[PDB]
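Okay, upload_26.pdb is below, PDB, C-alpha atoms and all ligand atoms:
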ATOM      1  CA  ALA A   1      33.839 160.589  75.109  1.00  0.00           C
ATOM      2  CA  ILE A   2      31.815 159.045  77.937  1.00  0.00           C
ATOM      3  CA  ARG A   3      33.008 155.574  78.934  1.00  0.00           C
ATOM      4  CA  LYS A   4      31.265 153.301  81.422  1.00  0.00           C
ATOM      5  CA  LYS A   5      32.633 149.982  82.649  1.00  0.00           C
ATOM      6  CA  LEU A   6      30.059 147.184  82.718  1.00  0.00           C
ATOM      7  CA  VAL A   7      30.714 143.871  84.467  1.00  0.00           C
ATOM      8  CA  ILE A   8      28.292 140.957  84.068  1.00  0.00           C
ATOM      9  CA  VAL A   9      28.083 138.245  86.737  1.00  0.00           C
ATOM     10  CA  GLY A  10      25.915 135.218  87.491  1.00  0.00           C
ATOM     11  CA  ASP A  11      26.116 131.412  87.659  1.00  0.00           C
ATOM     12  CA  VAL A  12      27.750 129.232  84.994  1.00  0.00           C
ATOM     13  CA  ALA A  13      25.539 128.782  81.910  1.00  0.00           C
ATOM     14  CA  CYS A  14      22.960 131.408  82.948  1.00  0.00           C
ATOM     15  CA  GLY A  15      23.333 133.242  79.632  1.00  0.00           C
ATOM     16  CA  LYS A  16      25.928 135.956  80.379  1.00  0.00           C
ATOM     17  CA  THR A  17      28.079 135.517  77.249  1.00  0.00           C
ATOM     18  CA  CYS A  18      25.154 135.095  74.837  1.00  0.00           C
ATOM     19  CA  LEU A  19      23.620 138.304  76.242  1.00  0.00           C
ATOM     20  CA  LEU A  20      26.820 140.238  75.455  1.00  0.00           C
ATOM     21  CA  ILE A  21      27.055 138.570  72.046  1.00  0.00           C
ATOM     22  CA  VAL A  22      23.507 139.516  71.024  1.00  0.00           C
ATOM     23  CA  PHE A  23      24.000 143.110  72.203  1.00  0.00           C
ATOM     24  CA  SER A  24      27.381 143.465  70.475  1.00  0.00           C
ATOM     25  CA  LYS A  25      25.917 142.066  67.231  1.00  0.00           C
ATOM     26  CA  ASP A  26      23.079 144.659  67.323  1.00  0.00           C
ATOM     27  CA  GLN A  27      25.648 147.456  66.918  1.00  0.00           C
ATOM     28  CA  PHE A  28      25.803 149.476  63.738  1.00  0.00           C
ATOM     29  CA  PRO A  29      27.894 149.558  61.719  1.00  0.00           C
ATOM     30  CA  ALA A  30      28.095 145.769  61.909  1.00  0.00           C
ATOM     31  CA  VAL A  31      31.346 144.553  63.458  1.00  0.00           C
ATOM     32  CA  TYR A  32      32.790 141.085  64.055  1.00  0.00           C
ATOM     33  CA  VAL A  33      31.920 139.916  67.584  1.00  0.00           C
ATOM     34  CA  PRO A  34      34.549 137.795  69.435  1.00  0.00           C
ATOM     35  CA  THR A  35      33.909 135.011  71.945  1.00  0.00           C
ATOM     36  CA  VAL A  36      35.485 136.820  74.919  1.00  0.00           C
ATOM     37  CA  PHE A  37      34.617 140.192  76.453  1.00  0.00           C
ATOM     38  CA  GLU A  38      37.230 141.923  78.607  1.00  0.00           C
ATOM     39  CA  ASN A  39      37.188 145.727  78.290  1.00  0.00           C
ATOM     40  CA  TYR A  40      35.358 145.169  74.981  1.00  0.00           C
ATOM     41  CA  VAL A  41      34.160 148.565  73.681  1.00  0.00           C
ATOM     42  CA  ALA A  42      30.591 148.705  72.507  1.00  0.00           C
ATOM     43  CA  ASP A  43      29.222 152.008  71.219  1.00  0.00           C
ATOM     44  CA  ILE A  44      25.648 152.619  72.264  1.00  0.00           C
ATOM     45  CA  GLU A  45      23.308 155.582  71.993  1.00  0.00           C
ATOM     46  CA  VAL A  46      20.675 156.158  74.672  1.00  0.00           C
ATOM     47  CA  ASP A  47      18.470 159.242  74.937  1.00  0.00           C
ATOM     48  CA  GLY A  48      20.533 160.970  72.252  1.00  0.00           C
ATOM     49  CA  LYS A  49      23.863 160.464  74.017  1.00  0.00           C
ATOM     50  CA  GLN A  50      26.841 158.543  72.626  1.00  0.00           C
ATOM     51  CA  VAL A  51      28.224 156.191  75.245  1.00  0.00           C
ATOM     52  CA  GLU A  52      31.195 153.812  75.180  1.00  0.00           C
ATOM     53  CA  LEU A  53      30.374 150.690  77.181  1.00  0.00           C
ATOM     54  CA  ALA A  54      33.452 148.673  78.221  1.00  0.00           C
ATOM     55  CA  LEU A  55      32.136 145.101  78.615  1.00  0.00           C
ATOM     56  CA  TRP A  56      33.626 142.619  81.131  1.00  0.00           C
ATOM     57  CA  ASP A  57      32.404 139.010  81.159  1.00  0.00           C
ATOM     58  CA  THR A  58      33.081 136.837  84.222  1.00  0.00           C
ATOM     59  CA  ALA A  59      32.044 133.675  82.350  1.00  0.00           C
ATOM     60  CA  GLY A  60      34.685 131.030  82.986  1.00  0.00           C
ATOM     61  CA  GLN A  61      35.629 132.728  86.270  1.00  0.00           C
ATOM     62  CA  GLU A  62      32.552 131.749  88.310  1.00  0.00           C
ATOM     63  CA  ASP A  63      34.688 129.414  90.439  1.00  0.00           C
ATOM     64  CA  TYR A  64      37.828 131.583  90.667  1.00  0.00           C
ATOM     65  CA  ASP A  65      36.801 133.406  93.845  1.00  0.00           C
ATOM     66  CA  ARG A  66      40.138 135.163  94.277  1.00  0.00           C
ATOM     67  CA  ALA A  67      40.837 135.939  90.602  1.00  0.00           C
ATOM     68  CA  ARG A  68      37.348 137.135  89.612  1.00  0.00           C
ATOM     69  CA  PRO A  69      37.247 140.209  91.935  1.00  0.00           C
ATOM     70  CA  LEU A  70      40.268 141.749  90.151  1.00  0.00           C
ATOM     71  CA  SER A  71      37.838 142.803  87.403  1.00  0.00           C
ATOM     72  CA  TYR A  72      35.655 144.886  89.761  1.00  0.00           C
ATOM     73  CA  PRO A  73      37.715 148.091  90.253  1.00  0.00           C
ATOM     74  CA  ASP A  74      36.036 151.196  88.786  1.00  0.00           C
ATOM     75  CA  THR A  75      32.894 149.446  87.549  1.00  0.00           C
ATOM     76  CA  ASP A  76      30.077 151.827  86.618  1.00  0.00           C
ATOM     77  CA  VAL A  77      27.219 149.332  86.353  1.00  0.00           C
ATOM     78  CA  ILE A  78      26.622 145.658  87.118  1.00  0.00           C
ATOM     79  CA  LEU A  79      24.471 143.241  85.116  1.00  0.00           C
ATOM     80  CA  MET A  80      23.713 140.599  87.757  1.00  0.00           C
ATOM     81  CA  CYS A  81      22.133 137.625  86.009  1.00  0.00           C
ATOM     82  CA  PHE A  82      20.215 134.435  86.682  1.00  0.00           C
ATOM     83  CA  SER A  83      18.357 132.144  84.304  1.00  0.00           C
ATOM     84  CA  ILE A  84      14.576 131.970  84.280  1.00  0.00           C
ATOM     85  CA  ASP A  85      14.868 128.209  83.650  1.00  0.00           C
ATOM     86  CA  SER A  86      16.979 127.850  86.802  1.00  0.00           C
ATOM     87  CA  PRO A  87      15.584 128.835  90.235  1.00  0.00           C
ATOM     88  CA  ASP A  88      18.947 127.688  91.609  1.00  0.00           C
ATOM     89  CA  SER A  89      20.697 130.507  89.712  1.00  0.00           C
ATOM     90  CA  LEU A  90      18.189 132.958  91.210  1.00  0.00           C
ATOM     91  CA  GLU A  91      18.877 131.721  94.753  1.00  0.00           C
ATOM     92  CA  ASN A  92      22.576 132.488  94.223  1.00  0.00           C
ATOM     93  CA  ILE A  93      21.703 136.148  93.620  1.00  0.00           C
ATOM     94  CA  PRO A  94      21.335 136.986  97.350  1.00  0.00           C
ATOM     95  CA  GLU A  95      23.561 134.124  98.575  1.00  0.00           C
ATOM     96  CA  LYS A  96      26.623 134.676  96.370  1.00  0.00           C
ATOM     97  CA  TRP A  97      26.563 137.532  93.851  1.00  0.00           C
ATOM     98  CA  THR A  98      24.994 140.398  95.827  1.00  0.00           C
ATOM     99  CA  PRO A  99      27.353 140.240  98.866  1.00  0.00           C
ATOM    100  CA  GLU A 100      30.335 139.961  96.519  1.00  0.00           C
ATOM    101  CA  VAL A 101      29.297 142.780  94.175  1.00  0.00           C
ATOM    102  CA  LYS A 102      28.261 145.067  97.041  1.00  0.00           C
ATOM    103  CA  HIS A 103      31.637 144.480  98.683  1.00  0.00           C
ATOM    104  CA  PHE A 104      33.844 145.160  95.659  1.00  0.00           C
ATOM    105  CA  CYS A 105      31.459 147.608  93.965  1.00  0.00           C
ATOM    106  CA  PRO A 106      29.876 149.688  96.741  1.00  0.00           C
ATOM    107  CA  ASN A 107      27.160 152.096  95.540  1.00  0.00           C
ATOM    108  CA  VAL A 108      27.519 150.883  91.953  1.00  0.00           C
ATOM    109  CA  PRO A 109      24.078 150.379  90.358  1.00  0.00           C
ATOM    110  CA  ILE A 110      22.960 146.784  89.782  1.00  0.00           C
ATOM    111  CA  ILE A 111      20.577 145.665  87.042  1.00  0.00           C
ATOM    112  CA  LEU A 112      18.971 142.345  88.015  1.00  0.00           C
ATOM    113  CA  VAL A 113      18.571 140.436  84.748  1.00  0.00           C
ATOM    114  CA  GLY A 114      16.501 137.316  84.143  1.00  0.00           C
ATOM    115  CA  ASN A 115      17.930 135.580  81.062  1.00  0.00           C
ATOM    116  CA  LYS A 116      16.302 132.908  78.864  1.00  0.00           C
ATOM    117  CA  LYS A 117      12.732 134.228  79.263  1.00  0.00           C
ATOM    118  CA  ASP A 118      11.885 132.106  76.210  1.00  0.00           C
ATOM    119  CA  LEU A 119      12.364 129.012  78.384  1.00  0.00           C
ATOM    120  CA  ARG A 120       9.639 130.024  80.870  1.00  0.00           C
ATOM    121  CA  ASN A 121       7.041 128.560  78.492  1.00  0.00           C
ATOM    122  CA  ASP A 122       9.188 125.644  77.273  1.00  0.00           C
ATOM    123  CA  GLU A 123       7.610 122.233  77.913  1.00  0.00           C
ATOM    124  CA  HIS A 124      10.982 120.469  78.075  1.00  0.00           C
ATOM    125  CA  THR A 125      12.507 122.796  80.690  1.00  0.00           C
ATOM    126  CA  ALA A 126       9.250 122.450  82.653  1.00  0.00           C
ATOM    127  CA  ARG A 127       9.652 118.649  82.801  1.00  0.00           C
ATOM    128  CA  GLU A 128      13.366 118.643  83.663  1.00  0.00           C
ATOM    129  CA  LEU A 129      12.770 121.110  86.502  1.00  0.00           C
ATOM    130  CA  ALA A 130       9.775 119.086  87.713  1.00  0.00           C
ATOM    131  CA  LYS A 131      12.176 116.184  88.333  1.00  0.00           C
ATOM    132  CA  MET A 132      13.918 118.380  90.913  1.00  0.00           C
ATOM    133  CA  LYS A 133      10.562 119.649  92.202  1.00  0.00           C
ATOM    134  CA  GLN A 134      11.132 123.069  90.626  1.00  0.00           C
ATOM    135  CA  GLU A 135       9.570 125.351  88.018  1.00  0.00           C
ATOM    136  CA  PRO A 136      10.629 128.421  85.957  1.00  0.00           C
ATOM    137  CA  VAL A 137      11.119 131.730  87.757  1.00  0.00           C
ATOM    138  CA  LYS A 138       7.991 133.909  87.717  1.00  0.00           C
ATOM    139  CA  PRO A 139       8.260 137.639  86.827  1.00  0.00           C
ATOM    140  CA  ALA A 140       7.056 138.555  90.326  1.00  0.00           C
ATOM    141  CA  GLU A 141       9.905 136.604  91.948  1.00  0.00           C
ATOM    142  CA  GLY A 142      12.451 138.505  89.887  1.00  0.00           C
ATOM    143  CA  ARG A 143      10.898 141.854  90.769  1.00  0.00           C
ATOM    144  CA  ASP A 144      10.866 140.919  94.456  1.00  0.00           C
ATOM    145  CA  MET A 145      14.514 139.844  94.387  1.00  0.00           C
ATOM    146  CA  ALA A 146      15.362 143.144  92.679  1.00  0.00           C
ATOM    147  CA  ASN A 147      13.702 145.077  95.520  1.00  0.00           C
ATOM    148  CA  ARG A 148      15.332 142.857  98.146  1.00  0.00           C
ATOM    149  CA  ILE A 149      18.873 143.321  96.805  1.00  0.00           C
ATOM    150  CA  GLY A 150      18.362 147.028  96.124  1.00  0.00           C
ATOM    151  CA  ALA A 151      18.825 146.799  92.369  1.00  0.00           C
ATOM    152  CA  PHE A 152      18.356 149.870  90.170  1.00  0.00           C
ATOM    153  CA  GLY A 153      15.839 147.832  88.195  1.00  0.00           C
ATOM    154  CA  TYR A 154      14.756 144.418  86.970  1.00  0.00           C
ATOM    155  CA  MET A 155      14.683 143.289  83.334  1.00  0.00           C
ATOM    156  CA  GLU A 156      13.865 140.050  81.576  1.00  0.00           C
ATOM    157  CA  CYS A 157      15.315 139.095  78.233  1.00  0.00           C
ATOM    158  CA  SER A 158      16.083 136.327  75.790  1.00  0.00           C
ATOM    159  CA  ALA A 159      19.362 136.181  73.883  1.00  0.00           C
ATOM    160  CA  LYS A 160      17.722 133.561  71.638  1.00  0.00           C
ATOM    161  CA  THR A 161      14.726 135.647  70.535  1.00  0.00           C
ATOM    162  CA  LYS A 162      16.531 138.964  71.243  1.00  0.00           C
ATOM    163  CA  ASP A 163      13.467 140.108  73.221  1.00  0.00           C
ATOM    164  CA  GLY A 164      14.458 142.567  75.961  1.00  0.00           C
ATOM    165  CA  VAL A 165      18.195 142.667  75.161  1.00  0.00           C
ATOM    166  CA  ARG A 166      18.236 146.272  73.914  1.00  0.00           C
ATOM    167  CA  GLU A 167      16.329 147.428  77.002  1.00  0.00           C
ATOM    168  CA  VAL A 168      18.768 145.707  79.391  1.00  0.00           C
ATOM    169  CA  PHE A 169      21.684 147.717  78.048  1.00  0.00           C
ATOM    170  CA  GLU A 170      19.725 150.963  77.831  1.00  0.00           C
ATOM    171  CA  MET A 171      18.797 150.649  81.505  1.00  0.00           C
ATOM    172  CA  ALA A 172      22.380 149.720  82.435  1.00  0.00           C
ATOM    173  CA  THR A 173      23.682 152.782  80.571  1.00  0.00           C
ATOM    174  CA  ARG A 174      21.226 155.177  82.232  1.00  0.00           C
ATOM    175  CA  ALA A 175      22.129 153.742  85.644  1.00  0.00           C
ATOM    176  CA  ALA A 176      25.855 154.127  84.925  1.00  0.00           C
ATOM    177  CA  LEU A 177      25.127 157.711  83.851  1.00  0.00           C
ATOM    178  CA  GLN A 178      22.947 158.663  86.852  1.00  0.00           C
TER     179      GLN A 178
HETATM  180  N1  LIG A 201      17.055 129.111  75.309  1.00  0.00           N
HETATM  181  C1  LIG A 201      18.068 129.933  75.560  1.00  0.00           C
HETATM  182  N2  LIG A 201      19.317 129.448  75.725  1.00  0.00           N
HETATM  183  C2  LIG A 201      20.232 130.443  75.978  1.00  0.00           C
HETATM  184  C3  LIG A 201      20.007 131.804  76.072  1.00  0.00           C
HETATM  185  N3  LIG A 201      21.194 132.488  76.341  1.00  0.00           N
HETATM  186  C4  LIG A 201      22.064 131.539  76.401  1.00  0.00           C
HETATM  187  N4  LIG A 201      21.586 130.280  76.197  1.00  0.00           N
HETATM  188  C5  LIG A 201      22.281 128.988  76.200  1.00  0.00           C
HETATM  189  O1  LIG A 201      22.763 128.747  77.540  1.00  0.00           O
HETATM  190  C6  LIG A 201      24.026 128.082  77.495  1.00  0.00           C
HETATM  191  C7  LIG A 201      25.090 128.862  78.341  1.00  0.00           C
HETATM  192  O2  LIG A 201      24.944 130.307  78.346  1.00  0.00           O
HETATM  193  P1  LIG A 201      26.150 131.264  77.769  1.00  0.00           P
HETATM  194  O3  LIG A 201      25.631 132.647  77.636  1.00  0.00           O
HETATM  195  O4  LIG A 201      26.748 130.626  76.599  1.00  0.00           O
HETATM  196  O5  LIG A 201      27.274 131.196  78.953  1.00  0.00           O
HETATM  197  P2  LIG A 201      27.373 131.733  80.492  1.00  0.00           P
HETATM  198  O6  LIG A 201      28.454 132.817  80.322  1.00  0.00           O
HETATM  199  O7  LIG A 201      27.936 130.686  81.338  1.00  0.00           O
HETATM  200  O8  LIG A 201      26.131 132.388  80.862  1.00  0.00           O
HETATM  201  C8  LIG A 201      24.360 127.938  76.015  1.00  0.00           C
HETATM  202  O9  LIG A 201      24.100 126.620  75.576  1.00  0.00           O
HETATM  203  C9  LIG A 201      23.490 128.971  75.291  1.00  0.00           C
HETATM  204  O10 LIG A 201      23.154 128.712  73.908  1.00  0.00           O
HETATM  205  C10 LIG A 201      18.669 132.308  75.895  1.00  0.00           C
HETATM  206  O11 LIG A 201      18.279 133.465  75.944  1.00  0.00           O
HETATM  207  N5  LIG A 201      17.754 131.279  75.638  1.00  0.00           N
END
As structure tokens, the full file:
Amino acid sequence: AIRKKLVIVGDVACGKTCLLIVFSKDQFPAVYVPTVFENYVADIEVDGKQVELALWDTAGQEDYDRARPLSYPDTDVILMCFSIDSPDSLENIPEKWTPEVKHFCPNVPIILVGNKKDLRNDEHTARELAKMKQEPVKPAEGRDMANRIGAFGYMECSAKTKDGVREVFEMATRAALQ
């Protein structure tokens, strides 16, 4: 049995938990999905191989700088997230999450994930961000940040529409494998 530890990080409310929830619910046979993910085993199949993905969610620990890192030992792949409706969450990628992850998880592959891609085209999130003189993150910006931080790859998804969720985990699994 091949088991890979996956830790997901990113700012508060950037969609980390909902991303795990949508993925866990896509499993078959259908299982009951809890609200917390700490060493939560998800069985996935990518390229014909059965893989056990142990999920670790740092949601609720974004401000526990000394406690949060205890979850990093022996991580096989990192899902570093930001929200497309929040350029502030993207700016924290190089300023907070990358230095931390690279320190505690050296040479561990990182998948830069842009959550809430369904909000990019939302008129309400466009107005709220305009008040702060901001606008949704463009695909190009995400791809550039991925290159800058040396991520294995960049993926966009939406936990709400489920678009791109499957692909995020397939890429994370391949990275953990290779
Ligand atoms: N529109 C939209 N809202 C989302 C999406 N994913 C999460 N959210 C919402 O964002 C809020 C916080 O994200 P959540 O995943 O619950 O927690 P986090 O662990 O702090 O990222 C909640 O109100 C969610 O319903 C998404 O793909 N699209």
Original post:
So which residues get picked by the PyMOL selection byres (((not hetatm)) within 7 of (chain A and resi 201)) here, written as a ChimeraX atom specification?
Top reply: /A:11-19,59-60,115-119,157-161
Original post:
Between CA of residue 99 (chain A) and CA of residue 129 (chain A), what is the spacing in Å?
Top reply: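 Straight-line distance from CA of residue 129 (chain A) to CA of residue 99 (chain A) works out to 27.0 Å.
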Subject >> Closest of A:146, A:20, A:80, A:1 to residue 51 (chain A) - atom-to-atom distances counting only C-alpha atoms >> reply: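 That would be A:1, the residue with the smallest distance to residue 51 (chain A).
Closest approach to residue 43 (chain A) among A:63, A:2, A:172, A:72: A:2, based on only C-alpha atoms.
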Original post:
Nearest to residue 164 (chain A) among A:113, A:137, A:105, A:79, with distances taken over all atoms listed in the file: which residue is it?
Top reply: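 For residue 164 (chain A), the nearest of the candidates is A:113.
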**OP:** Can you give me, as a PyMOL selection string, the residues this file yields under the PyMOL selection byres (((chain A and resi 88) around 12) and not hetatm)?
**Re:** chain A and resi 10-14+81-87+89-96+129+132-137
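Nearest to residue 171 (chain A) of all the residues A:108, A:70, A:54, A:77 is A:77, based on all atoms listed in the file.
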Subject >> Atom-to-atom span, CA of residue 55 (chain A) and CA of residue 41 (chain A), Å >> reply: 6.4 Å
**OP:** Return the single residue from A:128, A:57, A:170, A:62 that is closest to residue 111 (chain A), with distances computed using all atoms listed in the file.
**Re:**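 When distances to residue 111 (chain A) are compared using all atoms listed in the file, the smallest one comes from A:170.
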Subject >> Neighbours of point (26.6, 157.7, 71.5) within 12 Å, using all atoms listed in the file, written as a count of residues only >> reply: 20
Subject >> Å distance separating CA of residue 75 (chain A) from CA of residue 112 (chain A), one decimal place >> reply: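 Here the two named atoms are 15.6 Å from each other.
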Original post:
Which one is closest to residue 104 (chain A): A:125, A:66, A:130, A:150? Count all atoms listed in the file.
Top reply: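 Selected residue with least distance to residue 104 (chain A): A:66.
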Using all atoms of region 134-137 of chain A that appear in the file, construct an axis-aligned enclosing box with 6 Å of padding on every side and provide its centre coordinates and edge lengths in Å, rounded to one decimal, as lines of an AutoDock Vina configuration file.
center_x = 10.4
center_y = 127.4
center_z = 88.3
size_x = 13.6
size_y = 20.7
size_z = 16.7
**OP:** Evaluate the PyMOL selection byres (((chain A and resi 33) around 10) and not hetatm) here and jot the selected residues down as a PyMOL selection string.
**Re:** chain A and resi 20-25+27+30-32+34-37+40
Reconstructed region 13-37 of chain A, atom set N, CA, C and O atoms, as an mmCIF file, in the coordinates of the input:
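Produced file part.cif, reproduced below:
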data_model
loop_
_atom_site.group_PDB
_atom_site.id
_atom_site.type_symbol
_atom_site.label_atom_id
_atom_site.label_comp_id
_atom_site.auth_asym_id
_atom_site.auth_seq_id
_atom_site.Cartn_x
_atom_site.Cartn_y
_atom_site.Cartn_z
ATOM 1 N N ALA A 13 26.609 129.100 82.855
ATOM 2 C CA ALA A 13 25.539 128.782 81.910
ATOM 3 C C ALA A 13 24.214 129.538 82.065
ATOM 4 O O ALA A 13 23.199 129.117 81.504
ATOM 5 N N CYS A 14 24.208 130.659 82.786
ATOM 6 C CA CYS A 14 22.960 131.408 82.948
ATOM 7 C C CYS A 14 22.677 132.388 81.805
ATOM 8 O O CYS A 14 21.704 133.139 81.853
ATOM 9 N N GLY A 15 23.533 132.380 80.784
ATOM 10 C CA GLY A 15 23.333 133.242 79.632
ATOM 11 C C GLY A 15 24.096 134.551 79.540
ATOM 12 O O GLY A 15 23.779 135.375 78.681
ATOM 13 N N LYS A 16 25.128 134.723 80.364
ATOM 14 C CA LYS A 16 25.928 135.956 80.379
ATOM 15 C C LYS A 16 26.612 136.302 79.049
ATOM 16 O O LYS A 16 26.464 137.415 78.533
ATOM 17 N N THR A 17 27.351 135.337 78.502
ATOM 18 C CA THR A 17 28.079 135.517 77.249
ATOM 19 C C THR A 17 27.158 135.747 76.056
ATOM 20 O O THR A 17 27.402 136.643 75.251
ATOM 21 N N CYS A 18 26.101 134.944 75.943
ATOM 22 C CA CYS A 18 25.154 135.095 74.837
ATOM 23 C C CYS A 18 24.453 136.456 74.871
ATOM 24 O O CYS A 18 24.112 137.006 73.824
ATOM 25 N N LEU A 19 24.262 137.002 76.073
ATOM 26 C CA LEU A 19 23.620 138.304 76.242
ATOM 27 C C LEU A 19 24.537 139.397 75.685
ATOM 28 O O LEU A 19 24.073 140.318 75.013
ATOM 29 N N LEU A 20 25.838 139.276 75.953
ATOM 30 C CA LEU A 20 26.820 140.238 75.455
ATOM 31 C C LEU A 20 26.955 140.101 73.945
ATOM 32 O O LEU A 20 27.075 141.096 73.234
ATOM 33 N N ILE A 21 26.932 138.859 73.469
ATOM 34 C CA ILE A 21 27.055 138.570 72.046
ATOM 35 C C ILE A 21 25.912 139.182 71.248
ATOM 36 O O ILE A 21 26.149 139.850 70.245
ATOM 37 N N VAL A 22 24.681 138.974 71.707
ATOM 38 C CA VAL A 22 23.507 139.516 71.024
ATOM 39 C C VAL A 22 23.512 141.049 71.012
ATOM 40 O O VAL A 22 23.151 141.669 70.011
ATOM 41 N N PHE A 23 23.934 141.656 72.116
ATOM 42 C CA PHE A 23 24.000 143.110 72.203
ATOM 43 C C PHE A 23 25.067 143.657 71.249
ATOM 44 O O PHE A 23 24.817 144.600 70.488
ATOM 45 N N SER A 24 26.255 143.057 71.307
ATOM 46 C CA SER A 24 27.381 143.465 70.475
ATOM 47 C C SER A 24 27.086 143.317 68.980
ATOM 48 O O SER A 24 27.560 144.114 68.171
ATOM 49 N N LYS A 25 26.300 142.304 68.623
ATOM 50 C CA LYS A 25 25.917 142.066 67.231
ATOM 51 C C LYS A 25 24.856 143.067 66.737
ATOM 52 O O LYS A 25 24.707 143.263 65.531
ATOM 53 N N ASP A 26 24.122 143.686 67.665
ATOM 54 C CA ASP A 26 23.079 144.659 67.323
ATOM 55 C C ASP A 26 23.667 146.031 66.974
ATOM 56 O O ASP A 26 22.952 146.921 66.514
ATOM 57 N N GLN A 27 24.966 146.198 67.206
ATOM 58 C CA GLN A 27 25.648 147.456 66.918
ATOM 59 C C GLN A 27 25.709 147.752 65.436
ATOM 60 O O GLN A 27 25.799 146.843 64.608
ATOM 61 N N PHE A 28 25.688 149.038 65.115
ATOM 62 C CA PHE A 28 25.803 149.476 63.738
ATOM 63 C C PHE A 28 26.781 150.649 63.678
ATOM 64 O O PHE A 28 26.706 151.569 64.495
ATOM 65 N N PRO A 29 27.723 150.621 62.719
ATOM 66 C CA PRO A 29 27.894 149.558 61.719
ATOM 67 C C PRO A 29 28.242 148.178 62.278
ATOM 68 O O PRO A 29 28.813 148.051 63.370
ATOM 69 N N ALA A 30 27.853 147.150 61.525
ATOM 70 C CA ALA A 30 28.095 145.769 61.909
ATOM 71 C C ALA A 30 29.584 145.482 62.043
ATOM 72 O O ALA A 30 30.378 145.811 61.155
ATOM 73 N N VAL A 31 29.959 144.909 63.183
ATOM 74 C CA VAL A 31 31.346 144.553 63.458
ATOM 75 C C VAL A 31 31.413 143.071 63.818
ATOM 76 O O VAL A 31 30.394 142.453 64.140
ATOM 77 N N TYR A 32 32.604 142.488 63.708
ATOM 78 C CA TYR A 32 32.790 141.085 64.055
ATOM 79 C C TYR A 32 32.815 140.976 65.582
ATOM 80 O O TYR A 32 33.563 141.690 66.245
ATOM 81 N N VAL A 33 31.990 140.094 66.134
ATOM 82 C CA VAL A 33 31.920 139.916 67.584
ATOM 83 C C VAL A 33 32.696 138.680 68.043
ATOM 84 O O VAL A 33 32.398 137.563 67.625
ATOM 85 N N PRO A 34 33.712 138.876 68.905
ATOM 86 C CA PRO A 34 34.549 137.795 69.435
ATOM 87 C C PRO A 34 33.803 136.929 70.445
ATOM 88 O O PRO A 34 32.627 137.164 70.735
ATOM 89 N N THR A 35 34.498 135.929 70.979
ATOM 90 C CA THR A 35 33.909 135.011 71.945
ATOM 91 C C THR A 35 34.186 135.407 73.394
ATOM 92 O O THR A 35 33.566 134.874 74.314
ATOM 93 N N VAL A 36 35.119 136.338 73.588
ATOM 94 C CA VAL A 36 35.485 136.820 74.919
ATOM 95 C C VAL A 36 35.281 138.330 75.026
ATOM 96 O O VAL A 36 35.467 139.071 74.053
ATOM 97 N N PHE A 37 34.879 138.778 76.213
ATOM 98 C CA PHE A 37 34.617 140.192 76.453
ATOM 99 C C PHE A 37 35.310 140.692 77.704
ATOM 100 O O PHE A 37 34.836 140.462 78.817
#
